[PDB]
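Note sheet for the following structure.
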Protein chains: 2
Amino acid sequence: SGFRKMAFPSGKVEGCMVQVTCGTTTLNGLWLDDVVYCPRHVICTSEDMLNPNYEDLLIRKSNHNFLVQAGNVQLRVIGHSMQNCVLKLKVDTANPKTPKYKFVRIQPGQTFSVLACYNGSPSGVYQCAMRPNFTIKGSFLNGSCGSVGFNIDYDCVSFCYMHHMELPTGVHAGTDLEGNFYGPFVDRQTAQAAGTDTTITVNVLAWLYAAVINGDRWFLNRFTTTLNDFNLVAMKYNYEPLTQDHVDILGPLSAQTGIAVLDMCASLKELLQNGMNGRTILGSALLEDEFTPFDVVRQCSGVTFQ
Amino acid sequence: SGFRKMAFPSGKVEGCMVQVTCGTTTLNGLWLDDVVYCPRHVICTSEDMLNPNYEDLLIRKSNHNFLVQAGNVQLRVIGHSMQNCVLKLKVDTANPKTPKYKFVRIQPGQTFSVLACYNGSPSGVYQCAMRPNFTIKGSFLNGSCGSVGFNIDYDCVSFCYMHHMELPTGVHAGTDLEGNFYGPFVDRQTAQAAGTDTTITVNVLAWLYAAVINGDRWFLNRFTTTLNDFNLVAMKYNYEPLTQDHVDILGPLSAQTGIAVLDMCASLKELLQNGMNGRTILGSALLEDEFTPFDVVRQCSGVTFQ
Ligand SMILES: *[C@H](O)[C@H](C[C@@H]1CCNC1=O)NC(=O)[C@H](CC(C)(C)C)NC(=O)OCc1ccccc1
Ligand SMILES: *[C@H](O)[C@H](C[C@@H]1CCNC1=O)NC(=O)[C@H](CC(C)(C)C)NC(=O)OCc1ccccc1
C-alpha cells in the first residue's frame with residue numbers, strides 16, 4: 001500500500017535526448033530514427049525573440065549552422081524543415097536506442113511524466129497534469145526547452161509534450177510533438193498570460209478512492225446526492241462539471257471500494273463546504289486533482305512496463 | 001522556475017533490474033557485474049515466514065533452485081551466499097549495463113529515488129525521504145521486494161535502499177545494500193511497528209527557501225529569534241532540534257535569498273503557532289519536510305547527470 005505521485009521509468013526517453021546548438025542558443029532535442037525534434041526558437045537570438053518571422057529566419061539557415069551533440073558524438077545535420085513550432089533536423093545516423101513510439105496529443109485533465117533536461121542531459125523526472133487552461137505546473141529553468149513529456153504503455157512511449165516557455169505566473173507552456181501549442185500561446189515574447197483555471201473534479205474523486213483503498217476513511221459519510229445537485233456545488237467552488245462519462249470511468253474504483261460514485265460526490269461536497277478541519281488525506285491538507293482514475297488503478301494494482 | 005518533487009532519471013538502474021524466483025516466491029533482484037542482490041526472504045515459504053532460521057534454510061538450497069530472469073534471457077546461478085538480510089547470487093554473466101556505482105548507507109532526513117518494480121520490470125519512479133524513525137513513506141505492493149532506492153552523482157549510482165516489507169501503519173522498511181536494516185526491524189512476520197516520528201526541521205527551512213526563490217513570500221516577517229528560542233518551539237511541535245551545522249548547510253540558500261537563517265526560523269515559528277490561515281506554500285497546505293537543502297539547490301539551479 002501507499003500512494004505517491006509517480007513518474008514512468010525514464011530510461012527509454014533518456015536515450016533519445018540530445019543537445020542542439022544554433023548560434024547563441026542551446027536547448028534540448030529528441031532524437032528518433034534519423035530526425036532530431038526541437039523547439040523552433042533555437043534559430044532565434046535575443047532580439048529576434050520580440051516578434052520574429054521564423055520562415056524568414058529559417059531560409060537564412062544552413063545545415064552546418066545546427067550543432068547536434070549526442071553525448072560526446074557529434075551529429076551531422078543533412079536537412080532541416082519546420083513543422084509548426086518545432087524543427088525537424090534530419091541527421092545522418094538513426095538513433096539505435098529508438099523505442100517504439102507514438103506522437104499523441106493529450107486532453108486537459110490527463111497526466112504525463114516530464115524528463116527535465118539541460119544541455120541534452122537528463123536532470124530529473126516528475127509527473128504533471130495538463131491543466132484545464134492548457135498550462136502545466138512544472139519545474140523548468142533556462143536551457144530546459146525541448147524537454148519532453150510522455151506516457152509509457154507496455155513498451156511504447158507516447159510523447160505528448162515538448163517544453164517551450166514559462167508564463168508570468170510561473171506555469172509552463174509547450175506544444176505537442178507535431179509543434180502545435182497546447183492552449184492560446186505563441187512562441188514569442190509578448191504579454192501572454194495563463195487565464196483562469198479550474199479544478200479537475202473527476203481526478204479529485206479518483207484520489208478520494210485512492211485514499212479509501214489506502215485506509216483513509218474519515219471523510220466518508222452516509223449521505224448521497226444527485227449528479228445535478230453535486231454540479232451546482234462544483235460550479236460554486238470552481239470545480240469543473242462532472243459528466244456521466246466521468247461517473248462511468250470511476251466505476252471500477254467504485255466497485256473495488258463498494259462506495260457508489262454519487263456517494264463519494266456527497267463526501268466531496270462536504271469537504272468543499274466544511275474544509276478538512278485540520279485533517280489530511282494521503283498526506284495532503286488539500287484536495288488533490290493531478291491523479292487520473294487510470295493513475296489510481298495503475299498504482300493501486302501494480303502495472304509495469306517492458 | 002517552479003518546484004516539484006523530482007526523482008533522478010532511472011535509466012541506469014532499470015538496466016540492472018531482474019526477476020528472482022525460488023519456489024513459490026517471486027521478487028526483484030539487482031544485477032551488478034556477475035552478482036544478483038535480492039532480499040533473503042525469497043528462500044522462504046508462507047509458513048517459513050513466521051519465525052525462520054535463514055542459515056538452516058539456505059544450506060538446504062541448491063544453485064538450480066534460483067531462477068533468475070533478465071528480461072527474456074535466463075540467468076544461470078553458479079554460487080550463492082547470504083550477507084545479513086540480502087542474498088548474493090553469483091551468475092555466469094556480468095551485466096553489460098553495470099553503471100559505475102557505490103553502496104552507501106543514508107542518514108534519516110536524506111532523500112533518494114525509488115524505482116518500483118514487479119517481476120523484474122520497472123513500474124514507476126518517485127522520491128522518498130528516510131524518516132527519523134527509519135521508515136519510508138513509499139508505494140509498494142506484493143512483489144515489489146528487491147526494488148531499490150538510489151541517488152545519482154554525475155555518472156555514479158549510489159544505491160542506498162532495498163525494499164523488504166510494509167509495517168502496520170502503511171509505511172515501509174528495508175535494508176541498505178549490504179543487507180543491514182534501517183531501524184529496529186527484522187525480516188520476519190512479527191508484531192513490529194514504526195514507533196514515533198518527528199518532522200525534519202532543516203528540510204522544512206530548505207523548502208521555505210525554495211518557496212522564496214519561486215516567489216512565495218507571504219510567510220516572511222521582520223522578526224528574528226535565537227537558535228535556542230527556536231528550538232523550544234521546535235520541541236513543542238515535535239520538530240527535531242536545529243543544530244549549528246544545519247544553519248551552516250542552509251548558508252547558501254540564505255545568501256541567495258538575503259534571508260538570514262534565524263529569520264526564516266522566526267517565520268517557521270509563526271507558521272507553527274498560527275498555521276497558514278487558508279494559504280499555501282508551493283502548492284501545499286502543509287509544511288513539507290522531504291526536500292533537503294541539496295535537493296533545493298539542485299532543482300533551483302539545474303544540475304544534470306551523465
Ligand atoms: C527555453 O529553454 C526557455 C524555457 C524557459 C526559461 C525559464 N523557464 C522556462 O520554462 N524558454 C524561453 O526562454 C522562452 C523563449 C521564447 C519566448 C519561446 C522564444 N521565453 C520565456 O519562457 O520567457 C519567460 C521567462 C524566461 C526566463 C525566466 C523566466 C521566465
Ligand atoms: C515483498 O514483496 C513484500 C513487500 C510488501 C508487500 C506489501 N507491501 C510491501 O511492502 N514483503 C513482504 O511481504 C514481507 C515479507 C517478510 C516479512 C519480509 C518475510 N511481509 C510484509 O510486508 O507484511 C506486511 C504486509 C504484507 C502484505 C500486505 C500488507 C502488509
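Protein chains get the first letters and strands the later ones, always in sequence-line order, with residue 1 at the start of each. Whatever order the structure lists ligands and atoms in, that order sets their numbers, starting from 1. FYI, side chains are in, hydrogens and waters are out, and symmetry mates aren't considered; it's all heavy atoms of this structure.
Closer than 4.0 Å to atom 13 (O) of ligand 2 lies none of the heavy atoms of the protein. Atom 26 (C) of ligand 2 is never approached by the protein to below 4.0 angstrom, counting heavy atoms only.
Residues A:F185 and A:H164 keep their aromatic ring centres 6.0 Å or farther apart. A distance of 6.0 Å or more separates the ring centres of B:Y161 and B:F150.
Ligand-side atoms of ligand 1 in range of A:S144: 2 (O), range being under 4.0 angstrom from any heavy atom. Less than 4.0 angstrom separates some heavy atom of A:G143 from each of these atoms of ligand 1: 2 (O). Interface atoms of ligand 2 facing B:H172, defined by a heavy-atom separation under 4.0 Å, are 10 (O).
Looking only at heavy atoms of the protein, atom 23 (O) of ligand 2 is closest to B:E166 O, 4.0 Å. The nearest heavy-atom contact from the protein to atom 11 (N) of ligand 1 is A:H164 O, 2.9 Å. Counting only heavy atoms of the protein, atom 28 (C) of ligand 2 lies nearest to B:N142 OD1, 4.4 Å. B:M165 CB, 4.2 Å is the protein heavy atom nearest to atom 20 (N) of ligand 2. Remark: minimum distance from atom 3 (C) of ligand 1 to any protein heavy atom is reached at A:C145 SG, 2.7 Å.
Annotation: B:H163 places an N or O atom under 3.5 Å from an N or O atom of ligand 2; distance criterion only.
In this structure B:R298 satisfies the salt bridge (charged side-chain N to carboxylate O under 4.0 Å, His left out) test with no other residue, sequence neighbours excluded.
No hydrogens or angles considered: nothing links the side chains of B:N180 and B:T175 as a donor-acceptor pair under 3.5 Å.
Taking the six-membered ring for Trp and thresholds of 30 and 60 degrees, A:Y37 and A:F103 have ring planes more than 60 degrees apart, a perpendicular arrangement. A:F66 and A:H80 have tilted rings, their planes meeting at an angle from 30° to 60° on a 0 to 90° scale.
Within the structure, every pair that satisfies the salt bridge (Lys or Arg N to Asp or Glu O under 4.0 Å) test and touches residues 121-144 of chain B, not counting sequence neighbours, is listed here: B:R131-B:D197, B:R131-B:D289, B:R131-B:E290.
For the pair A:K5 and A:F291, the cation-pi criterion (under 6.0 Å, within 45° of the ring axis) is fulfilled.
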